[PDB]
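Shown below: model-v8.cif, with mmCIF, C-alpha atoms.
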```cif
data_model
loop_
_atom_site.label_atom_id
_atom_site.label_comp_id
_atom_site.auth_asym_id
_atom_site.auth_seq_id
_atom_site.Cartn_x
_atom_site.Cartn_y
_atom_site.Cartn_z
CA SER Q 1 -2.51 -24.73 4.32
CA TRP Q 2 -3.42 -22.66 1.25
CA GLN Q 3 -6.61 -21.90 3.08
CA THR Q 4 -4.69 -20.73 6.12
CA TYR Q 5 -2.44 -18.52 3.99
CA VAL Q 6 -5.56 -16.84 2.64
CA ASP Q 7 -7.44 -16.77 5.89
CA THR Q 8 -4.58 -15.94 8.20
CA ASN Q 9 -1.63 -14.43 6.36
CA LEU Q 10 -3.77 -12.37 3.98
CA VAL Q 11 -7.29 -11.67 5.19
CA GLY Q 12 -6.61 -12.28 8.88
CA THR Q 13 -4.13 -9.43 8.95
CA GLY Q 14 -6.53 -6.68 8.08
CA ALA Q 15 -4.55 -5.47 5.02
CA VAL Q 16 -6.82 -7.00 2.35
CA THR Q 17 -10.57 -7.45 2.70
CA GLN Q 18 -10.70 -10.43 0.34
CA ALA Q 19 -8.12 -12.82 -1.13
CA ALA Q 20 -7.44 -15.91 -3.26
CA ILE Q 21 -4.50 -18.02 -4.34
CA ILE Q 22 -4.48 -19.30 -7.87
CA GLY Q 23 -2.47 -21.73 -9.95
CA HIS Q 24 -0.61 -20.49 -13.09
CA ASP Q 25 -3.54 -21.94 -15.04
CA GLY Q 26 -5.90 -19.59 -13.24
CA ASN Q 27 -7.81 -22.20 -11.22
CA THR Q 28 -8.32 -21.37 -7.55
CA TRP Q 29 -6.27 -23.22 -4.95
CA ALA Q 30 -8.03 -21.58 -1.95
CA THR Q 31 -10.21 -18.54 -1.49
CA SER Q 32 -11.57 -16.28 1.29
CA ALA Q 33 -15.17 -16.83 2.42
CA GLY Q 34 -17.63 -15.77 -0.29
CA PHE Q 35 -14.97 -14.40 -2.60
CA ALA Q 36 -14.66 -16.08 -5.91
CA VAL Q 37 -12.58 -15.48 -8.96
CA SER Q 38 -13.43 -17.22 -12.26
CA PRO Q 39 -10.97 -19.62 -13.95
CA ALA Q 40 -11.41 -17.37 -17.00
CA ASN Q 41 -10.25 -14.16 -15.25
CA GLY Q 42 -7.56 -16.07 -13.37
CA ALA Q 43 -5.92 -17.32 -16.56
CA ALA Q 44 -5.99 -13.85 -18.09
CA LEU Q 45 -4.22 -12.57 -15.02
CA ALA Q 46 -1.81 -15.41 -15.23
CA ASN Q 47 -1.09 -14.43 -18.86
CA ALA Q 48 -0.56 -10.76 -17.89
CA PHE Q 49 2.57 -11.64 -15.97
CA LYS Q 50 3.96 -13.03 -19.22
CA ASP Q 51 2.43 -10.39 -21.55
CA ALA Q 52 0.96 -7.23 -20.01
CA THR Q 53 -0.07 -5.87 -23.43
CA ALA Q 54 -3.64 -7.12 -23.14
CA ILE Q 55 -4.20 -5.80 -19.58
CA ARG Q 56 -2.49 -2.51 -20.19
CA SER Q 57 -5.07 -1.58 -22.83
CA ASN Q 58 -8.23 -2.86 -21.09
CA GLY Q 59 -7.11 -3.54 -17.50
CA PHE Q 60 -8.48 -6.83 -15.98
CA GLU Q 61 -11.50 -8.39 -14.20
CA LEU Q 62 -11.68 -10.16 -10.84
CA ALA Q 63 -14.88 -11.36 -9.15
CA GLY Q 64 -17.21 -9.06 -11.10
CA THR Q 65 -15.31 -5.80 -10.48
CA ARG Q 66 -13.14 -4.36 -13.27
CA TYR Q 67 -9.70 -2.88 -12.64
CA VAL Q 68 -7.18 -0.52 -14.16
CA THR Q 69 -3.56 -1.54 -14.41
CA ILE Q 70 -1.29 0.61 -12.23
CA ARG Q 71 1.65 -1.80 -12.07
CA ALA Q 72 2.62 -4.67 -14.36
CA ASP Q 73 5.93 -6.57 -14.35
CA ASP Q 74 7.06 -10.17 -14.34
CA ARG Q 75 6.29 -10.54 -10.67
CA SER Q 76 3.52 -8.07 -9.82
CA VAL Q 77 0.27 -6.82 -11.25
CA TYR Q 78 -1.75 -4.23 -9.36
CA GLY Q 79 -5.10 -2.78 -10.28
CA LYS Q 80 -7.03 0.15 -8.79
CA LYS Q 81 -10.67 1.31 -8.75
CA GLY Q 82 -11.18 4.48 -6.79
CA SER Q 83 -10.26 3.98 -3.14
CA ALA Q 84 -10.28 0.20 -3.74
CA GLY Q 85 -7.91 -2.07 -5.64
CA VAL Q 86 -6.24 -5.43 -5.89
CA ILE Q 87 -2.64 -6.51 -5.29
CA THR Q 88 -1.59 -9.64 -7.22
CA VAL Q 89 1.82 -11.26 -7.05
CA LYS Q 90 3.31 -14.25 -8.86
CA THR Q 91 5.21 -17.08 -7.16
CA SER Q 92 6.82 -20.15 -8.71
CA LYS Q 93 3.62 -22.24 -8.56
CA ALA Q 94 0.77 -19.80 -7.93
CA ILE Q 95 -0.42 -16.21 -7.98
CA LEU Q 96 -1.59 -14.43 -4.88
CA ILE Q 97 -4.56 -12.11 -5.01
CA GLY Q 98 -5.57 -9.58 -2.39
CA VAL Q 99 -8.26 -6.90 -2.65
CA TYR Q 100 -8.57 -3.99 -0.26
CA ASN Q 101 -11.31 -1.46 0.18
CA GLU Q 102 -11.63 2.21 0.92
CA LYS Q 103 -10.57 1.70 4.56
CA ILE Q 104 -7.19 0.26 3.52
CA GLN Q 105 -3.89 1.88 2.56
CA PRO Q 106 -2.94 0.52 -0.88
CA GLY Q 107 0.70 0.12 0.09
CA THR Q 108 -0.38 -1.62 3.31
CA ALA Q 109 -2.03 -4.25 1.18
CA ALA Q 110 0.93 -4.50 -1.21
CA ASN Q 111 3.27 -5.12 1.70
CA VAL Q 112 1.22 -7.99 3.06
CA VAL Q 113 0.78 -9.74 -0.28
CA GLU Q 114 4.34 -9.29 -1.50
CA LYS Q 115 5.53 -10.47 1.94
CA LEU Q 116 3.46 -13.67 1.54
CA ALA Q 117 4.85 -14.21 -1.94
CA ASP Q 118 8.43 -14.00 -0.74
CA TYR Q 119 7.63 -16.60 1.85
CA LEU Q 120 6.02 -19.00 -0.59
CA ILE Q 121 8.83 -18.46 -3.11
CA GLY Q 122 11.37 -19.42 -0.45
CA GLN Q 123 9.36 -22.68 0.10
CA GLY Q 124 9.61 -23.77 -3.52
CA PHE Q 125 6.12 -22.46 -4.36
#
```
Would you write out, as structure tokens, the structure that this file holds?
Amino acid sequence: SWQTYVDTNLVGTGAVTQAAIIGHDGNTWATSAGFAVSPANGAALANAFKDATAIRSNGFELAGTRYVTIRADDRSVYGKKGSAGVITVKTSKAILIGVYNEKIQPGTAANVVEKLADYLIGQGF
């Protein structure tokens, strides 16, 4: 279920190259093959949705790579690193995380992730 959201609705689409779904405490509910985000980074991200102050000054880390905050509101937090980047979105019970590489259109990745979030939110999650 969470694994199929990640494997099918996120990675399987082609819009993100790697993806994870985290709880509001930052611990991973499911993750794409060989992609791993630390409970430490996850929590920080989780906090960002509440208070972006910290991430706005230093950005945020996810699976080794460091990112720069492009967007930060109470629902979405997006980072970028050259042609790459990460789209993260917050639902009622989790936070979706999707990274895309050079080959992907940033807004293509944002559409997929935000589309998954709307779905989950309408399912009570």
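Taking CA of residue 52 in chain Q as the reference point, CA of residue 34 in chain Q is found at 28.4 Å.
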Near-residue 87 in chain Q list (10 Å; only C-alpha atoms; drop same-chain fewer than 4 positions) as number ranges by chain: Q: 16, 19, 71, 76-80, 96-100, 106-107, 109-114
Can I get the selection written as a PDB file, in the coordinates of the input, with C-alpha atoms?
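selection_36.pdb, freshly written:
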```
ATOM      1  CA  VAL Q  16      -6.820  -7.000   2.350  1.00  0.00           C
ATOM      2  CA  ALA Q  19      -8.120 -12.820  -1.130  1.00  0.00           C
ATOM      3  CA  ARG Q  71       1.650  -1.800 -12.070  1.00  0.00           C
ATOM      4  CA  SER Q  76       3.520  -8.070  -9.820  1.00  0.00           C
ATOM      5  CA  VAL Q  77       0.270  -6.820 -11.250  1.00  0.00           C
ATOM      6  CA  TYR Q  78      -1.750  -4.230  -9.360  1.00  0.00           C
ATOM      7  CA  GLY Q  79      -5.100  -2.780 -10.280  1.00  0.00           C
ATOM      8  CA  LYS Q  80      -7.030   0.150  -8.790  1.00  0.00           C
ATOM      9  CA  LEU Q  96      -1.590 -14.430  -4.880  1.00  0.00           C
ATOM     10  CA  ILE Q  97      -4.560 -12.110  -5.010  1.00  0.00           C
ATOM     11  CA  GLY Q  98      -5.570  -9.580  -2.390  1.00  0.00           C
ATOM     12  CA  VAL Q  99      -8.260  -6.900  -2.650  1.00  0.00           C
ATOM     13  CA  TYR Q 100      -8.570  -3.990  -0.260  1.00  0.00           C
ATOM     14  CA  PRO Q 106      -2.940   0.520  -0.880  1.00  0.00           C
ATOM     15  CA  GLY Q 107       0.700   0.120   0.090  1.00  0.00           C
ATOM     16  CA  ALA Q 109      -2.030  -4.250   1.180  1.00  0.00           C
ATOM     17  CA  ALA Q 110       0.930  -4.500  -1.210  1.00  0.00           C
ATOM     18  CA  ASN Q 111       3.270  -5.120   1.700  1.00  0.00           C
ATOM     19  CA  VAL Q 112       1.220  -7.990   3.060  1.00  0.00           C
ATOM     20  CA  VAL Q 113       0.780  -9.740  -0.280  1.00  0.00           C
ATOM     21  CA  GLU Q 114       4.340  -9.290  -1.500  1.00  0.00           C
TER      22      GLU Q 114
END
```
What lies within 10 Å of residue 64 in chain Q using only C-alpha atoms, ignoring chain neighbours under 3 positions off, as a PyMOL selection string? chain Q and resi 36-38+41+61+67
Go ahead and save the picked residues with C-alpha atoms, as a PDB file, keeping the file's coordinate frame.
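Result file result.pdb:
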```pdb
ATOM      1  CA  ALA Q  36     -14.660 -16.080  -5.910  1.00  0.00           C
ATOM      2  CA  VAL Q  37     -12.580 -15.480  -8.960  1.00  0.00           C
ATOM      3  CA  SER Q  38     -13.430 -17.220 -12.260  1.00  0.00           C
ATOM      4  CA  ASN Q  41     -10.250 -14.160 -15.250  1.00  0.00           C
ATOM      5  CA  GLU Q  61     -11.500  -8.390 -14.200  1.00  0.00           C
ATOM      6  CA  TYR Q  67      -9.700  -2.880 -12.640  1.00  0.00           C
TER       7      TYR Q  67
END
```
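Minimum atom-to-atom distances from Q:84, Q:54, Q:90, Q:121 to residue 105 in chain Q were compared using only C-alpha atoms, and the lowest value belongs to Q:84.
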Could you build a table of the residues in range 56-93 of chain Q lying no more than 9 Å from range 117-120 of chain Q, giving for each the nearest pair of atoms and their separation in Å rounded to one decimal place, using all atoms listed in the file, ordered by chain and ascending residue number, as CSV?
```
residue,atom,partner,partner_atom,distance
Q:89,CA,Q:117,CA,6.6
Q:90,CA,Q:117,CA,7.1
Q:91,CA,Q:117,CA,6.0
Q:92,CA,Q:120,CA,8.2
Q:93,CA,Q:120,CA,8.9
```
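When the PyMOL selection byres ((chain Q and resi 24) around 6) is evaluated on the file shown here, the picked residues come out as residues 23, 25, 26, 46 and 94 of chain Q.
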Output C-alpha atoms for every residue in the selection just made, as a compact mmCIF listing (two decimals), in the frame of the given file.
```
# COMPACT_ATOMS: atom_id res chain seq x y z
CA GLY Q 23 -2.47 -21.73 -9.95
CA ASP Q 25 -3.54 -21.94 -15.04
CA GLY Q 26 -5.90 -19.59 -13.24
CA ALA Q 46 -1.81 -15.41 -15.23
CA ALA Q 94 0.77 -19.80 -7.93
```
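Take CA of residue 7 in chain Q and CA of residue 22 in chain Q: the distance between them is 14.3 Å.
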Atom-to-atom span, CA of residue 82 in chain Q and CA of residue 116 in chain Q, Å: 24.8 Å
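Minimum atom-to-atom distance to residue 55 in chain Q, evaluated using all atoms listed in the file, belongs to Q:73 out of Q:39, Q:73, Q:15, Q:102.
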Expansion of the PyMOL selection byres ((chain Q and resi 6) around 8) into residues, as a list in words: residues 2, 3, 4, 5, 7, 8, 9, 10, 11, 12, 19, 20, 21, 30, 31 and 32 of chain Q
